[PDB]
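Just the one chain here, laid out as structure tokens, in the form deposited in one PDB entry.
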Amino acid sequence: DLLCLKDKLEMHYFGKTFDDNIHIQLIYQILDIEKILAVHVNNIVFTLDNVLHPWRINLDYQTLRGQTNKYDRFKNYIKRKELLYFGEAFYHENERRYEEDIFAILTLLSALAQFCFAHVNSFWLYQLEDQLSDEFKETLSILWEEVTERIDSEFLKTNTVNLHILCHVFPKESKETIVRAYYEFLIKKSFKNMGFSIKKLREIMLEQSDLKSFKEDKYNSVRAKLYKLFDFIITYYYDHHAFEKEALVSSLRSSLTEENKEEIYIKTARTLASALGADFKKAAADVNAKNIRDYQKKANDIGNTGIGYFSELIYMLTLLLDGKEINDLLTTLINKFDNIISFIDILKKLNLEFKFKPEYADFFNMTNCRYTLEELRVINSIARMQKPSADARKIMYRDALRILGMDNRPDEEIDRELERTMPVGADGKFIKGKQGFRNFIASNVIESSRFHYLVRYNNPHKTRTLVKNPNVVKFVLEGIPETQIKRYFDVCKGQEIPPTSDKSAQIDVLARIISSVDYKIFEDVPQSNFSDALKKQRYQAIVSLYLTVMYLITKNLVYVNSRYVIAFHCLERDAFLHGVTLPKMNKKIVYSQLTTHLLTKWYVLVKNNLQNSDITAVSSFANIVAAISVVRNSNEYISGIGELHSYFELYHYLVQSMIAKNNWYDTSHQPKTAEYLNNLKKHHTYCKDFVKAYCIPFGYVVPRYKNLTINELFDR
């Protein structure tokens, strides 16, 4: 390869040099898995560090139990009431988890964080069956036991139409079998692990008049429930014989050209049509409007087996995240494992070595990877509602009042305003006919995903400062497409301004309206006359727009920070293979040693830039990327930014301002940083030379440097 790291990686993963081009892709898939795990673990750790204002793995809970002074610091931390924001990770059925389970979850999180950012061995994740000690498997087992009882209870729904037909098709069979194979088909892909193309085979059978009588226009009413059911019968048919299917495998594997395969595919299909065409017709003739409605009325006319230890860790991680990041994580993992399966199959078919080193052998094999892939597919398909609990809603009300104005003042005044705004009366009841605000809050901010995101990632004390700089708000609104902006302007217009069709005028008016929003306006909302409905619609639009504007900024800054976290993780990984270590100087870590070691047009640029770097600046950059200090310290620097066009500029301006005020720069080694600081001061926007300088430890790969140092190439 160009990086000349093929040999090192193959020695590190297989044992010898390989003269082909199939193994490098496999090890790249492995590295991708590690990278995404590192990103998400970093995000989770920051979330925990932010929600609660404040770990040796080998500390069994019994050993730490005897210690007095050390243990008391953990008792009050676990006692904090803000742990309810994380839904089911710490609280179960309005009751706190036992101490030894929270200890297990926290210690596992710390161990994974230590493993990814690279005491634990380098092979911790790939062999957990022998390293995870006692009382730490029990926590994961209990978590999965809960979720598997829940999923077994709730599975028998949402498809109680075809299942009744499937049971009716096979009367001489146990009820488990009908449910089993049906469940084995759509949740976890048991259709994938065959060499045939049933979807292609379905079309070939449709070319025959035996079962093509269903191509009517009226058949368009039901499509998904039709094609899916034939696939179920076909895959059972191949499994039912296991000899004709085996013979078909041999016949297909012995084919000479594609013409023979097409003839074989045609010949196989025509046998199927004359075999069970009557069964297909009878199954397909039982579906209509009447049967679907009747079957749905009677939806009440086991699945727990246990999962691997690698996947239980994934579920524990899932317990501390939200829907979008859950989908991203699981999608990446599933794609990577599918690629690994395909590459192993290709390698085996070419008569080449496929065994790993003994350390990776117990995990990275065909059967284990297939099992992990199907279990990850199962983990993905759990319907999650993320409802805001029932006892956590008080804290959520307090924070919601904190965001819509009324920030940074003691809780006594909050209690006063809570009592005066929403009445209680006597005996802790609710005054009937005098509660129009509580329902509005509970329906628009308490039950909103953006509110949960802001609470988890931002301090509700100082969140209002994001929407006080006009340029930031204007850029954020400019991001939104035109139709939504027009709709919001139409709804949130008011009565004192004329209609306008220009995008810029709409952005200006919406920015003005968003600038001054407070809970005092919401103190007279209609309770339980189209004027009331219009006012309610306007208020809903305002409260949605406000939270959207904050949430977009927070999410995008987190995205950029993760993009840099990946680069540090890769640098740390590649520093080990080359045999070069990163030294220290005055307690400061020199991250520029790898690029200097590999160096000793692009050459001229890198050589010139290597003399234009401060070690203190690079170390502070590493700290900022690690702790996500941009999101935490965005309430002291966002009030002085001039003009924006992309989130890259905002991120780097914040970083440069933190470095400037915190005085994390050394003019003694070089007096040249002064010009960058002066430019930052007198233009109120980031200096491209400075970002080109402190991102120097990425010198050994040029495309990554270009992507992380040029604004136009960052998005593309």
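We call the rigid core the largest set of C-alpha positions that still match within 1.5 Å between the two forms. Start at 1 with the first residue shown and count on from there.
The records show that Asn58 is omitted from the coordinate set of at least a third of the other eligible entries of this protein.
At least a third of the other compared entries skip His119 while keeping the residues on either side. Unmodelled residues of the deposited sequence between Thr600 and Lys601: 10 or more. Gap check for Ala118 to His119: 4 to 9 deposited residues are absent from the model.
Missing here is the form deposited in another entry; even so, the following discussion is about that form.
Core-based superposition between the shown form and the other one leaves all of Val179, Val565, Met550, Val630 but one with CA shifts under 2 Å; the exception is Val179. Core-aligned CA deviation for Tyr126 between the shown form and the other one: less than 2 Å. Relative to the superposed rigid core, the position of the CA of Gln208 differs between the shown form and the other one by 2 Å or more. After superposition on the rigid core, the Cα of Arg464 moves by less than 2 Å between the shown form and the other one.
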